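start-v2.pdb follows; it contains PDB, C-alpha atoms (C1' of nucleotides) and all ligand atoms.
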```pdb
ATOM      1  CA  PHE K   1     -68.187-148.788  48.187  1.00  0.00           C
ATOM      2  CA  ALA K   2     -65.524-151.513  47.970  1.00  0.00           C
ATOM      3  CA  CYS K   3     -64.457-154.058  50.595  1.00  0.00           C
ATOM      4  CA  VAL K   4     -60.832-154.085  51.646  1.00  0.00           C
ATOM      5  CA  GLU K   5     -59.982-157.341  49.869  1.00  0.00           C
ATOM      6  CA  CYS K   6     -61.652-156.434  46.546  1.00  0.00           C
ATOM      7  CA  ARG K   7     -59.884-153.090  46.590  1.00  0.00           C
ATOM      8  CA  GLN K   8     -56.628-154.931  46.876  1.00  0.00           C
ATOM      9  CA  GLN K   9     -57.319-157.135  43.891  1.00  0.00           C
ATOM     10  CA  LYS K  10     -59.209-154.290  42.333  1.00  0.00           C
ATOM     11  CA  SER K  11     -62.067-156.673  41.664  1.00  0.00           C
ATOM     12  CA  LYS K  12     -65.752-155.843  41.256  1.00  0.00           C
ATOM     13  CA  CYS K  13     -67.160-155.959  44.814  1.00  0.00           C
ATOM     14  CA  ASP K  14     -70.795-156.690  45.675  1.00  0.00           C
ATOM     15  CA  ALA K  15     -71.361-155.424  49.202  1.00  0.00           C
ATOM     16  CA  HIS K  16     -72.959-152.110  50.197  1.00  0.00           C
ATOM     17  CA  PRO K  17     -69.554-160.392  53.399  1.00  0.00           C
ATOM     18  CA  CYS K  18     -69.011-159.645  49.707  1.00  0.00           C
ATOM     19  CA  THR K  19     -69.135-162.483  47.172  1.00  0.00           C
ATOM     20  CA  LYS K  20     -65.423-162.792  46.474  1.00  0.00           C
ATOM     21  CA  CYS K  21     -64.587-162.793  50.213  1.00  0.00           C
ATOM     22  CA  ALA K  22     -66.820-165.870  50.180  1.00  0.00           C
ATOM     23  CA  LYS K  23     -64.919-168.062  47.770  1.00  0.00           C
ATOM     24  CA  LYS K  24     -62.050-167.007  50.052  1.00  0.00           C
ATOM     25  CA  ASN K  25     -63.892-167.040  53.367  1.00  0.00           C
ATOM     26  CA  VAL K  26     -61.994-164.117  54.820  1.00  0.00           C
ATOM     27  CA  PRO K  27     -62.705-161.062  56.969  1.00  0.00           C
ATOM     28  CA  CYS K  28     -64.719-158.816  54.624  1.00  0.00           C
ATOM     29  CA  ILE K  29     -63.818-155.474  56.192  1.00  0.00           C
ATOM     30  CA  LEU K  30     -65.288-152.179  55.029  1.00  0.00           C
ATOM     31  CA  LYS K  31     -62.519-149.622  55.663  1.00  0.00           C
ATOM     32  CA  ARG K  32     -63.576-146.670  53.467  1.00  0.00           C
ATOM     33  CA  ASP K  33     -60.098-145.248  54.075  1.00  0.00           C
ATOM     34  CA  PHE K  34     -58.158-148.311  52.886  1.00  0.00           C
ATOM     35  CA  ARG K  35     -55.845-148.194  49.878  1.00  0.00           C
ATOM     36  CA  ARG K  36     -54.434-151.360  48.281  1.00  0.00           C
ATOM     37  CA  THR K  37     -50.797-152.282  48.543  1.00  0.00           C
ATOM     38  CA  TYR K  38     -48.680-152.506  45.479  1.00  0.00           C
ATOM     39  CA  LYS K  39     -47.208-155.808  46.489  1.00  0.00           C
ATOM     40  CA  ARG K  40     -44.794-156.245  43.591  1.00  0.00           C
ATOM     41  CA  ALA K  41     -43.037-152.886  43.635  1.00  0.00           C
ATOM     42  CA  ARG K  42     -43.279-152.906  47.407  1.00  0.00           C
ATOM     43  CA  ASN K  43     -41.477-156.149  48.045  1.00  0.00           C
ATOM     44  CA  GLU K  44     -39.058-154.893  45.435  1.00  0.00           C
ATOM     45  CA  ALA K  45     -38.215-151.950  47.677  1.00  0.00           C
ATOM     46  CA  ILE K  46     -37.934-154.218  50.686  1.00  0.00           C
ATOM     47  CA  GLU K  47     -35.571-156.626  48.985  1.00  0.00           C
ATOM     48  CA  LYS K  48     -33.528-153.709  47.722  1.00  0.00           C
ATOM     49  CA  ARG K  49     -33.284-152.066  51.141  1.00  0.00           C
ATOM     50  CA  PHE K  50     -32.700-155.458  52.672  1.00  0.00           C
ATOM     51  CA  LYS K  51     -29.733-155.806  50.340  1.00  0.00           C
ATOM     52  CA  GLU K  52     -28.084-152.533  51.331  1.00  0.00           C
ATOM     53  CA  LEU K  53     -28.084-153.985  54.831  1.00  0.00           C
ATOM     54  CA  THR K  54     -25.780-156.895  53.904  1.00  0.00           C
ATOM     55  CA  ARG K  55     -23.383-154.608  52.016  1.00  0.00           C
ATOM     56  CA  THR K  56     -23.396-152.690  55.306  1.00  0.00           C
ATOM     57  CA  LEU K  57     -22.769-155.810  57.414  1.00  0.00           C
ATOM     58  CA  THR K  58     -19.853-156.598  55.140  1.00  0.00           C
ATOM     59  CA  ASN K  59     -18.572-153.165  56.246  1.00  0.00           C
ATOM     60  CA  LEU K  60     -18.988-152.977  60.046  1.00  0.00           C
TER      61      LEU K  60
ATOM     62  CA  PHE O   1     -37.404-178.638  27.449  1.00  0.00           C
ATOM     63  CA  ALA O   2     -38.653-175.381  28.976  1.00  0.00           C
ATOM     64  CA  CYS O   3     -37.191-171.874  28.717  1.00  0.00           C
ATOM     65  CA  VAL O   4     -36.270-170.114  31.922  1.00  0.00           C
ATOM     66  CA  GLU O   5     -39.157-167.634  31.783  1.00  0.00           C
ATOM     67  CA  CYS O   6     -41.861-170.199  30.998  1.00  0.00           C
ATOM     68  CA  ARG O   7     -40.579-172.376  33.825  1.00  0.00           C
ATOM     69  CA  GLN O   8     -41.055-169.466  36.133  1.00  0.00           C
ATOM     70  CA  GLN O   9     -44.628-168.896  35.103  1.00  0.00           C
ATOM     71  CA  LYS O  10     -45.005-172.600  34.570  1.00  0.00           C
ATOM     72  CA  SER O  11     -46.486-171.875  31.178  1.00  0.00           C
ATOM     73  CA  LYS O  12     -46.505-174.117  28.110  1.00  0.00           C
ATOM     74  CA  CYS O  13     -43.231-173.307  26.297  1.00  0.00           C
ATOM     75  CA  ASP O  14     -42.667-173.749  22.563  1.00  0.00           C
ATOM     76  CA  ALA O  15     -38.912-173.811  22.014  1.00  0.00           C
ATOM     77  CA  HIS O  16     -36.734-176.906  21.602  1.00  0.00           C
ATOM     78  CA  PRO O  17     -36.913-167.392  21.369  1.00  0.00           C
ATOM     79  CA  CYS O  18     -40.061-169.126  22.635  1.00  0.00           C
ATOM     80  CA  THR O  19     -43.470-167.632  21.839  1.00  0.00           C
ATOM     81  CA  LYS O  20     -44.276-166.201  25.264  1.00  0.00           C
ATOM     82  CA  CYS O  21     -40.825-164.576  25.544  1.00  0.00           C
ATOM     83  CA  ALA O  22     -41.977-162.803  22.393  1.00  0.00           C
ATOM     84  CA  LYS O  23     -45.065-161.052  23.682  1.00  0.00           C
ATOM     85  CA  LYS O  24     -42.580-160.070  26.407  1.00  0.00           C
ATOM     86  CA  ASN O  25     -39.496-159.568  24.254  1.00  0.00           C
ATOM     87  CA  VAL O  26     -37.073-160.843  26.865  1.00  0.00           C
ATOM     88  CA  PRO O  27     -33.929-162.975  27.001  1.00  0.00           C
ATOM     89  CA  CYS O  28     -35.230-166.480  26.250  1.00  0.00           C
ATOM     90  CA  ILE O  29     -32.541-168.450  28.066  1.00  0.00           C
ATOM     91  CA  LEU O  30     -32.373-172.250  28.026  1.00  0.00           C
ATOM     92  CA  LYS O  31     -30.855-173.159  31.411  1.00  0.00           C
ATOM     93  CA  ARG O  32     -31.771-176.861  31.764  1.00  0.00           C
ATOM     94  CA  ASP O  33     -30.717-176.553  35.418  1.00  0.00           C
ATOM     95  CA  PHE O  34     -32.995-173.613  36.280  1.00  0.00           C
ATOM     96  CA  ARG O  35     -35.754-173.891  38.860  1.00  0.00           C
ATOM     97  CA  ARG O  36     -38.444-171.211  39.248  1.00  0.00           C
ATOM     98  CA  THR O  37     -38.582-168.953  42.264  1.00  0.00           C
ATOM     99  CA  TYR O  38     -41.543-169.032  44.532  1.00  0.00           C
ATOM    100  CA  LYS O  39     -41.862-165.290  44.591  1.00  0.00           C
ATOM    101  CA  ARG O  40     -44.735-165.013  47.060  1.00  0.00           C
ATOM    102  CA  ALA O  41     -43.461-167.210  49.876  1.00  0.00           C
ATOM    103  CA  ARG O  42     -39.969-165.962  49.142  1.00  0.00           C
ATOM    104  CA  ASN O  43     -40.610-162.281  49.574  1.00  0.00           C
ATOM    105  CA  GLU O  44     -42.578-163.362  52.597  1.00  0.00           C
ATOM    106  CA  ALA O  45     -39.412-164.768  54.129  1.00  0.00           C
ATOM    107  CA  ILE O  46     -37.473-161.663  53.190  1.00  0.00           C
ATOM    108  CA  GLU O  47     -39.987-159.310  54.748  1.00  0.00           C
ATOM    109  CA  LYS O  48     -40.078-161.476  57.838  1.00  0.00           C
ATOM    110  CA  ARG O  49     -36.294-161.592  58.199  1.00  0.00           C
ATOM    111  CA  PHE O  50     -36.152-157.926  57.344  1.00  0.00           C
ATOM    112  CA  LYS O  51     -38.480-157.318  60.262  1.00  0.00           C
ATOM    113  CA  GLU O  52     -36.362-159.154  62.818  1.00  0.00           C
ATOM    114  CA  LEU O  53     -33.666-156.685  61.842  1.00  0.00           C
ATOM    115  CA  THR O  54     -35.641-153.647  63.063  1.00  0.00           C
ATOM    116  CA  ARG O  55     -36.559-155.362  66.341  1.00  0.00           C
ATOM    117  CA  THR O  56     -32.784-155.852  66.577  1.00  0.00           C
ATOM    118  CA  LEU O  57     -32.004-152.200  65.777  1.00  0.00           C
ATOM    119  CA  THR O  58     -34.444-151.217  68.492  1.00  0.00           C
ATOM    120  CA  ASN O  59     -32.153-153.289  70.748  1.00  0.00           C
ATOM    121  CA  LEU O  60     -28.556-152.276  69.929  1.00  0.00           C
TER     122      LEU O  60
ATOM    123  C1'  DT H   1     -37.183-184.447  37.764  1.00  0.00           C
ATOM    124  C1'  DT H   2     -39.912-181.456  34.998  1.00  0.00           C
ATOM    125  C1'  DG H   3     -43.969-179.652  31.833  1.00  0.00           C
ATOM    126  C1'  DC H   4     -48.334-177.152  32.148  1.00  0.00           C
ATOM    127  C1'  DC H   5     -53.543-176.753  33.214  1.00  0.00           C
ATOM    128  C1'  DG H   6     -56.945-174.461  35.577  1.00  0.00           C
ATOM    129  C1'  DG H   7     -57.423-170.974  38.812  1.00  0.00           C
ATOM    130  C1'  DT H   8     -56.140-166.969  41.857  1.00  0.00           C
ATOM    131  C1'  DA H   9     -53.399-162.781  42.635  1.00  0.00           C
ATOM    132  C1'  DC H  10     -52.065-158.357  40.890  1.00  0.00           C
ATOM    133  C1'  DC H  11     -52.354-154.130  38.346  1.00  0.00           C
ATOM    134  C1'  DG H  12     -52.004-150.579  34.395  1.00  0.00           C
ATOM    135  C1'  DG H  13     -55.178-147.781  33.017  1.00  0.00           C
ATOM    136  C1'  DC H  14     -59.657-145.720  31.895  1.00  0.00           C
ATOM    137  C1'  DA H  15     -62.950-144.173  33.260  1.00  0.00           C
TER     138       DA H  15
ATOM    139  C1'  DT A   1     -60.678-139.857  45.106  1.00  0.00           C
ATOM    140  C1'  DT A   2     -62.248-144.548  43.603  1.00  0.00           C
ATOM    141  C1'  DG A   3     -64.555-148.860  41.037  1.00  0.00           C
ATOM    142  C1'  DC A   4     -63.042-152.467  38.005  1.00  0.00           C
ATOM    143  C1'  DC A   5     -62.028-154.550  33.210  1.00  0.00           C
ATOM    144  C1'  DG A   6     -58.736-156.887  30.479  1.00  0.00           C
ATOM    145  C1'  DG A   7     -54.402-158.779  30.615  1.00  0.00           C
ATOM    146  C1'  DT A   8     -50.260-160.714  33.074  1.00  0.00           C
ATOM    147  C1'  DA A   9     -47.890-162.964  36.977  1.00  0.00           C
ATOM    148  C1'  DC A  10     -47.882-166.876  40.010  1.00  0.00           C
ATOM    149  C1'  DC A  11     -48.672-171.646  41.501  1.00  0.00           C
ATOM    150  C1'  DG A  12     -50.946-175.763  43.595  1.00  0.00           C
ATOM    151  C1'  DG A  13     -51.127-180.002  41.803  1.00  0.00           C
ATOM    152  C1'  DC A  14     -51.461-183.792  38.570  1.00  0.00           C
ATOM    153  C1'  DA A  15     -49.431-185.846  35.883  1.00  0.00           C
TER     154       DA A  15
HETATM  155 ZN    ZN K 101     -65.772-157.313  47.872  1.00  0.00          ZN
HETATM  156 ZN    ZN K 102     -65.466-158.472  50.851  1.00  0.00          ZN
HETATM  157 ZN    ZN K 103     -40.896-170.555  26.664  1.00  0.00          ZN
HETATM  158 ZN    ZN K 104     -38.652-168.381  26.187  1.00  0.00          ZN
END
```

What does the file become when written as C-alpha cells?
Ligand SMILES: [Zn+2]
Ligand SMILES: [Zn+2]
Ligand SMILES: [Zn+2]
Ligand SMILES: [Zn+2]
Amino acid sequence: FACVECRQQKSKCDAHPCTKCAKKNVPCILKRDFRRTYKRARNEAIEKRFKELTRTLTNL
Amino acid sequence: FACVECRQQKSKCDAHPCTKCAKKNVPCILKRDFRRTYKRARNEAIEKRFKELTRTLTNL
DNA sequence: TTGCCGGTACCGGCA
DNA sequence: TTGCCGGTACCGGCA
C-alpha cells in the first residue's frame, strides 16, 4: 500500500523505506490505517477557534 | 514592484491586475509596504499557543 | 529592502 | 476505501 508520508502528500509511493522518504530521510511508517491531514483547512479551523477564544477573553 | 498576492507566493509578477491574479481572479492590490506571511511556521505558532491554552483549561 | 527561481508541500479529483 | 496525477501554494535562498 502507501507509506504514511506519501499518503499525506498523496504522492506515488514505492514500498510494499520508500523512495520519497529517502530524499527526506524520515521515518517511513506503514500504518495501513493512516489518513492524511488536510493541513490547510485544518489550521484554518484552529485559527478560527483560536480567535473565538480572544473574543471570549475580552469578555471574562 | 510586486502585487500583494505574488509577493506572498514569491512569484514573478507582471504589473507596474497582474497575470497570476488573473488565473486566480482576485483583488490584485499594490501595497508597496506589504510583506508575505510565512503560513507554515505561523500556523505552527498558533497551534502551539493554542495548545498551551488547553493545558491551562485542564488547570483552572 | 525586495523580486523570483528552483524545489517541496498540499490537494481536488478521478479513477 | 485508497493510490496518485496534474496543478497550486509555499519558501529557502541568491541575488
Ligand atoms: Zn512512500
Ligand atoms: Zn515512505
Ligand atoms: Zn502579480
Ligand atoms: Zn496581482

So which residues touch residue 6 (chain H) within 12 Å, counting all atoms listed in the file, skipping near sequence neighbours fewer than 4 positions away, as a list in words?
->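 The residues satisfying every condition are residues 11 of chain O; 11, 12, 13 and 14 of chain A.
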
Separation of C1' of residue 1 (chain H) and CA of residue 15 (chain O), in Å?
-> 19.1 Å

Pick out the residues no farther than 12 Å from ligand ZN 103 (chain K), counting all atoms listed in the file, and list them as JSON, numbers by chain.
-> {"O": [1, 2, 3, 4, 5, 6, 7, 8, 9, 10, 11, 12, 13, 14, 15, 16, 17, 18, 19, 20, 21, 22, 23, 24, 25, 26, 27, 28, 29, 30, 31], "H": [3, 4]}

Spell out the residues picked by the PyMOL selection byres ((chain O) within 12 of (chain K and not hetatm)) here, as a list in words.
->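 Expected selection for the PyMOL selection byres ((chain O) within 12 of (chain K and not hetatm)) here is residues 39, 40, 41, 42, 43, 44, 45, 46, 47, 48, 49, 50, 51, 52, 53, 54 and 57 of chain O.
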
Centre and size of axis-aligned box enclosing chain H plus 5 Å each side, as AutoDock Vina command-line options:
```
--center_x -50.1 --center_y -164.3 --center_z 37.2 --size_x 35.8 --size_y 50.3 --size_z 20.8
```

Which distance in Å separates atom ZN of ligand ZN 101 (chain K) and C1' of residue 2 (chain A), to one decimal?
->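 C1' of residue 2 (chain A) lies 13.9 Å from atom ZN of ligand ZN 101 (chain K).
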
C1' of residue 9 (chain A) to atom ZN of ligand ZN 102 (chain K), distance in Å rounded to a single decimal |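 Atom ZN of ligand ZN 102 (chain K) lies at a distance of 22.8 Å from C1' of residue 9 (chain A).
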